[PDB]
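Visitor: Sequence first, structure after; it's an experimental one.
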Amino acid sequence: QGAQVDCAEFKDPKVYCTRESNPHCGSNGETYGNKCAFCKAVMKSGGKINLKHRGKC
């Protein structure tokens, strides 16, 4: 096992942004999905934004 939803190791170089490759939906906070959007937000989320990323939140 091991949930592979890490987003630090796939930052660079010029990888995850703009053209969203997955409408993924946050805990109970937001609908987004471009790898950058999610890692970027979640980073500065607060520490209470888990994920229920499938389709809608």
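Guide: In hand now; what should we look at? Numbers count the residues shown, from 1 in each chain.
Visitor: Provide the partner residues of the residue lying closest to residue 53 once chain neighbours are set aside in its beta bridges.
Guide: Nearest residue to residue 53, sequence neighbours excluded (C-beta to C-beta, 6 or more residues apart in numbering): residue 24, at 3.8 Å. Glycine gets a C-beta too; all of them are placed from N, C-alpha and C. As for beta bridges, residue 24 partners with residue 32 under DSSP bridges.
Visitor: Now for residue 24, how many residues are close by?
Guide: 22 (other C-beta atoms under 10 Å).
Visitor: centroid residue for the protein?
Guide: residue 38 (2.8 Å; C-alpha atoms, centre = their mean).
Visitor: Just confirm that one is within a helix.
Guide: Yes. Residue 38 forms part of a helix when assessed by DSSP: H, G, I helix; E, B strand; the rest coil.
Visitor: Please name the residues that touch it.
Guide: Taking C-beta atoms under 8 Å, 6 or more residues apart in numbering, we find residue 38 in contact with 7, 24, 26, 32, 53.
Visitor: try residue 34
Guide: Residue 34 sits next to 16, 17, 18, 19, 20, 21, 22 when contact means C-beta under 8 Å, 6+ apart.
Visitor: can you rerun that using 6 Å?
Guide: Counting by C-beta atoms under 6 Å, 6 or more residues apart in numbering, residue 34 makes contact with 17, 20.
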